[PDB]
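Before any comments, here is the structure.
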Number of protein chains: 2
Amino acid sequence: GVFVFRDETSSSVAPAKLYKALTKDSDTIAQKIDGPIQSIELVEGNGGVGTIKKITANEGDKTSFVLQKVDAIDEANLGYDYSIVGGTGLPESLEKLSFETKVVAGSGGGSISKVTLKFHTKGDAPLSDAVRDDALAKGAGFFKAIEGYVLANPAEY
Amino acid sequence: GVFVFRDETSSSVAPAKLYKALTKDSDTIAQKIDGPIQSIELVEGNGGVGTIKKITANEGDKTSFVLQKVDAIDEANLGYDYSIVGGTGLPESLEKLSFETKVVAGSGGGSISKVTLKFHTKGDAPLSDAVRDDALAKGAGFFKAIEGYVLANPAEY
């Protein structure tokens with residue numbers, strides 16, 4: 001079935017800048033950002049709509065990956081949509097996990113990174129709270145990692 | 001005055017592991033990973049209640065520091081309380097910022113990190129959402145960083 005959840009995160013980083021970091025530079029940041037995400041492979045595409053990325057992450061002695069698909073892009077409105085369609089890193093209980101992201105201006109100088117996750121479980125399979133949360137927590141780690149870089153490199157933003 | 005905000009963050013890391021990384025290994029971790037914290041100096045104590053640390057961070061090009069004080073520790077219940085009691089890194093509108101944390105076990109095997117921030121102010125002037133949100137984001141950022149560490153370095157936990 002399908003489950004929809006929304007998540008927000010405030011930031012002192014200006015909208016256009018955070019958006020750029022999150023959707024245009026994040027790929028080229030693997031090297032300069034500590035996190036389980038080891039490498040990001042552009043299987044097919046250069047980043048535009050239709051691009052397929054293989055995202056590898058190492059959790060110690062082990063490793064896994066997810067295959068990402070860039071679904072839609074709207075720079076003007078700071079919009080970015082993609083989804084995980086498979087990969088050893090996608091819980092067995094899920095068929096797919098879509099992300100609809102947008103970055104809006106905050107009320108006091110920064111921005112808000114807004115996300116809407118659409119979980120697709122297998123058939124009538126219910127959605128585990130663990131599975132749901134493991135998903136939200138991973139996106140958050142990623143985000144914090146990108147922001148951290150932006151905040152430490154004003155020269156670049 | 002005093003303003004209170006509570007929050008709960010779910011994690012896949014087991015409680016004891018998380019508790020240890022956040023309250024025992026954070027100084028070491030903070031200075032190792034790619035992060036704003038440049039150095040941590042002990043001005044008093046070595047970790048026990050009453051301990052005070054001169055934490056020096058860097059966000060952009062501006063350097064700043066805060067004096068952190070250990071207020072209470074209850075390992076029996078994975079509780080840890082500290083507060084920022086001074087320093088240029090503390091917003092001019094705040095007199096002190098205290099944290100009351102606790103890590104509890106989750107139903108799916110993971111854990112839940114509960115945090116309550118208490119913003120202490122000069123007089124009765126209201127707390128700007130800006131100072132409120134940056135303090136929360138920095139707290140959440142630190143959390144995600146420590147957590148990221150634990151996932152990629154199991155040998156220690």
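Residue numbering restarts at 1 for every chain of the structure tokens, chains are lettered A, B, ... in their displayed order, and ligands are numbered from 1 as they appear.
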
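When chain A is laid over chain B and all C-alpha atoms are paired one by one, the RMSD comes to 0.9 Å.
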
Query raised in the report: Residues of region 46-153 of chain A in strand (DSSP E) according to DSSP, as a PyMOL selection string?
Result: chain A and resi 52-58+63-74+79-86+94-105+111-121

**Asked** Do you have the CA of residue 75 (chain A)-CA of residue 24 (chain A) distance handy?
**Response**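 Value for the CA of residue 75 (chain A)-CA of residue 24 (chain A) distance: 10.1 Å.
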
ask   = Which of these residues is nearest to residue 94 (chain A), using only C-alpha atoms: A:112, A:66, A:152, A:131?
value =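 Once distances to residue 94 (chain A) are computed over only C-alpha atoms, the minimum belongs to A:131.
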
Q.
Quick check: residues of chain A within 9 Å of chain B, only C-alpha atoms, returned as a PyMOL selection string.
A. chain A and resi 9-12+32-36+58-61+107-110+128-130+133-134+137+140-141+144-145+148-155

query: Please, which residues of region 5-56 of chain A, numbered as in this document, come out helix (DSSP H, G or I) from DSSP, as a PyMOL selection string?
result: chain A and resi 15-32

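Across the structure, CA of residue 95 (chain A) and CA of residue 28 (chain A) are spaced 27.9 Å apart.
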
Selection: 9 Å around residue 83 (chain A), only C-alpha atoms, excl. self and same-chain fewer than 3 positions, as a PyMOL selection string
chain A and resi 67-71+96-100

Set the distance at 12 Å and use only C-alpha atoms: which residues neighbour residue 41 (chain B) once local chain neighbours fewer than 3 positions away are removed? I'd like the list as a ChimeraX atom specification. /B:27-28,31,37-38,44-47,51-57,65-68

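CA of residue 132 (chain A) is positioned 22.1 Å from CA of residue 103 (chain A).
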
Contacts of residue 79 (chain B) within 9 Å, only C-alpha atoms, excl. fewer than 5 positions in-chain, as a list in words: residues 19, 72, 73, 74, 100, 101, 102 and 103 of chain B

Here is a test: counting only C-alpha atoms, which residue of A:119, A:80, A:3, A:157 is nearest to residue 23 (chain A)?
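Nearest candidate to residue 23 (chain A) out of A:119, A:80, A:3, A:157: A:80.
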